[PDB]
Amino acid sequence: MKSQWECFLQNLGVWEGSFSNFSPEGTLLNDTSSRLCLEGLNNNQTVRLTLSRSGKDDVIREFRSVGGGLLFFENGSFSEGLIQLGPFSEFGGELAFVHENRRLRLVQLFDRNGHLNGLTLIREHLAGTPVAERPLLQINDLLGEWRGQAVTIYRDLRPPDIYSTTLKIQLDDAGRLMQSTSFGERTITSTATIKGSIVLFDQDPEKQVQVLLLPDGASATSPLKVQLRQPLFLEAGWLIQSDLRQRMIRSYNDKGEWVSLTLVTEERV
Ligand SMILES: [Cl-]
Ligand SMILES: [Cl-]
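Numbering-wise, the entry's author numbering puts 162 at position 162 of the sequence shown, and it's gapless, one number per residue.
Below, the structure is given as structure tokens:
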């Protein structure tokens with residue numbers, strides 16, 4: 001549909017909120033209030049970015065194109081990160097959801113040993129609109145069944161693919177979490193243990209991840225360890241309303257090349 005530039009322009013406006021650094025266990029370490037102005041110039045052929053943060057100098061950037069490590073969906077949602085991973089290029093990147101007057105942008109940061117080191121949660125509302133903070137995410141907010149659709153877009157900008165999704169999450173008896181996720185023709189069903197704000201999947205070679213539950217209905221799903229010659233998936237989620245959730249997945253092949261980005265929108269059944 002829209003060109004990538006036109007998708008990017010969906011973000012124009014004044015986004016107020018904060019940039020918040022969390023530990024890999026979900027502890028708030030540092031938060032700084034922010035105002036990010038994205039304005040179009042010269043018939044929207046240039047975008048000027050003015051990022052003001054409390055106690056910091058302004059950052060001003062101007063863009064005449066998007067590409068590289070960025071891909072956008074038609075509603076302006078996007079992901080940013082590295083194109084090619086390797087010895088000095090740590091895993092990480094940003095998943096950025098746009099919805100009405102809000103953005104929720106989640107950055108994951110991995111260390112040199114391939115372990116999650118920190119996250120940044122950027123919760124933004126349009127200037128003059130409500131803060132509209134969602135509740136801290138709880139397991140109980142997710143239990144049940146979810147159904148929806150996913151769009152996968154590609155770096156070569158070959159045509160998008162569309163898939164059906166199902167997500168079922170239930171406690172077993174036991175008190176462990178059972179999660180069954182369908183994505184097109186693929187279903188993966190795995191049990192997890194819950195330890196506070198972290199859900200741990202460590203049994204199945206197809207699901208070696210920690211899920212961290214965060215403020216504003218956010219979640220981050222992280223590889224337990226970034227391994228050589230394995231494909232990698234950076235994932236975040238946002239429970240936008242009690243019965244509406246999006247998930248975003250930035251996908252890397254086992255050569256460490258970024259290949260695609262997927263946005264799932266699902267509703268509670
Ligand atoms: Cl103009
Ligand atoms: Cl997630």
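The C-beta atom is built at its ideal place from N, Cα and C for all residues, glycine as well.
Nearest to residue i (by Cα), restricted to the options the options
i, options, result
"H115", "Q246, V269, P223", "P223"
"residue 270", "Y163, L214, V264, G93", "Because residue 270 is not part of the residues shown, which for the chain are 1 to 269, the question remains open."
"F63", "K56, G26, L12, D173", "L12"
"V269", "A236, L143, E257, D172", "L143"
"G196", "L261, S180, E25", "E25"
"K2", "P159, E100, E16, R103", "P159"
"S34", "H125, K255, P130", "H125"
"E235", "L28, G86, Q210, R186", "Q210"
"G128", "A150, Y154, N101", "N101"
"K225", "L36, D57, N117", "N117"
"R147", "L261, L9, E267", "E267"
"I249", "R48, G81, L29", "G81"
"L49", "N30, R247, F8", "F8"
"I60", "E74, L38, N30, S79", "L38"
"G184", "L157, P130, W258, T262", "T262"
"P130", "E16, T221, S182", "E16"
"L157", "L28, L244, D57, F72", "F72"
"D57", "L36, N30, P205", "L36"
"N140", "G217, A132, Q10", "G217"
"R105", "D254, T265, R247", "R247"
"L28", "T265, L212, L244", "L212"
Test item: CB-CB of residue i and residue j under 8 Å
i, j, result
"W5", "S65", "yes"
"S18", "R123", "yes"
"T32", "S54", "yes"
"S219", "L137", "yes"
"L228", "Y252", "no"
"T166", "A150", "no"
"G93", "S79", "yes"
"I153", "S20", "no"
"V98", "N75", "yes"
Residue i: CB within 7 Å of a non-hydrogen atom of ligand 1
i, result
"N30", "no"
"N42", "yes"
Cβ-heavy atom distance, residue i to ligand 2, below 7 Å
i, result
"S219", "yes"
"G237", "yes"
"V211", "yes"
"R247", "yes"
Residue i to residue j span [Cα, whole Å]
i, j, result
"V14", "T191", "42 Å"
"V199", "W238", "16 Å"
"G69", "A174", "43 Å"
"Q208", "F201", "5 Å"
"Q230", "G256", "8 Å"
"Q45", "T120", "30 Å"
"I162", "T193", "31 Å"
"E206", "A96", "25 Å"
"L41", "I240", "32 Å"
Residue range of the unbroken beta strand (DSSP E) whose run includes residue i
i, result
"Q241", "232–241"
"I83", "No beta strand (DSSP E) holds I83; DSSP gives it neither H nor E."
"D31", "28–41"
"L263", "258–268"
Where the alpha helix (DSSP H) containing residue i begins and where it ends
i, result
"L167", "Unbroken run through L167 is the beta strand (DSSP E), 161–171; no alpha helix (DSSP H)."
"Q4", "4–9"
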